[PDB]
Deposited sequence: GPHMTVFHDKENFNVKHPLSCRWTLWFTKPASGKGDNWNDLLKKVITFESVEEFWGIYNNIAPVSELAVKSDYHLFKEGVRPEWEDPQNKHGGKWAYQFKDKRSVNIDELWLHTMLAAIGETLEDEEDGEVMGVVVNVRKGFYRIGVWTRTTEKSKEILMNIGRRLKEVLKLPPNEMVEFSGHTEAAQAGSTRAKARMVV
């Protein structure tokens, strides 16, 4: 009955749902003209299947091809990847900064981060904390983060998310993943 994409990648009739819809966003670098530094965040696409995810991923630039000051964000549908969104305003992030060196397969790390997000292995079913994940391309470094809805609903639920991100990123024990609130207030937790 069920032909998956693995039975016939041109004629299949079942697809793999995600536990919510997700939207990919991209931040472009400021234009070299100089007339657009305040409108750089772009909504790319919303999707709801594992197959759709891979159609997107296979047709967009890997992180390692992005210009400096660019970002990708993968957020649950309805949440904009900004601190002002009502679902991020009282939240924060777990983050790690990587050096820009070739033995760091940043594309693979980012990919695995997004797969952990959409495959629901960052948090447990009732945690209600993960809002999205983000990769930032900067001059000195790359940063990978997991944005969270609160900073205090449950500390244990947040620490477990940080430990999972550290596992997903394959970091050794000296390398610490750090939690910070988005606002100075919601900041005033490392693993």
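Q: So which bits of the deposited sequence did not make it into the model?
A: Comparing the full sequence with the modelled residues, the uncovered ranges come out as 1, 190 to 197.
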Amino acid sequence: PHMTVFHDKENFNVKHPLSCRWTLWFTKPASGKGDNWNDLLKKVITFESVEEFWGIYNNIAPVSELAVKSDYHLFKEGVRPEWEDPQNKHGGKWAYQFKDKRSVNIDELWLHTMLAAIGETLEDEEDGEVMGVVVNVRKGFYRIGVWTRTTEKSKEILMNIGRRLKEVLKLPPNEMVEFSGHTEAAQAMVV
From here on, numbers count along this sequence of modelled residues.
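Q: Averaging CA B factors per stretch from the PDB record, which one is higher: 167 to 175 or 17 to 25?
A: It is 167 to 175 that shows the higher mean C-alpha B-factor.
Q: Tell me which of 62 to 70 and 150 to 158 has the higher mean C-alpha B-factor in the deposited entry.
A: Here the higher of the two C-alpha B-factor means belongs to 150 to 158.
Q: Which listed residue, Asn136, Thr46, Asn36, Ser49, has the largest C-alpha temperature factor in the record?
A: That would be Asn36.
Q: Looking at the temperature factor on the CA atom of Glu120, which third of the chain's modelled residues does it land in?
A: For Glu120, the deposited C-alpha B-factor lands in the middle third.
Q: C-alpha B factor of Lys93, ranked within the chain: lowest, middle or highest third?
A: Middle third by C-alpha B-factor.
Q: State the tercile, meaning the lowest, middle or highest third, of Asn105 with respect to the CA B-factors recorded for its chain.
A: Middle third, going by the recorded CA B-factors of the chain.
Q: Ranked by Cα temperature factor within the chain, is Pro81 in the lowest third, the middle third or the highest third?
A: For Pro81, whose C-alpha B-factor we compare with every modelled residue in the chain, the answer is the lowest third.
Q: Consider only the C-alpha atoms of the modelled residues in this chain, order them by B-factor as the entry records it, and name the third containing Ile56: lowest, middle or highest.
A: Lowest third - that is where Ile56 ends up once the chain's C-alpha B-factors are sorted.
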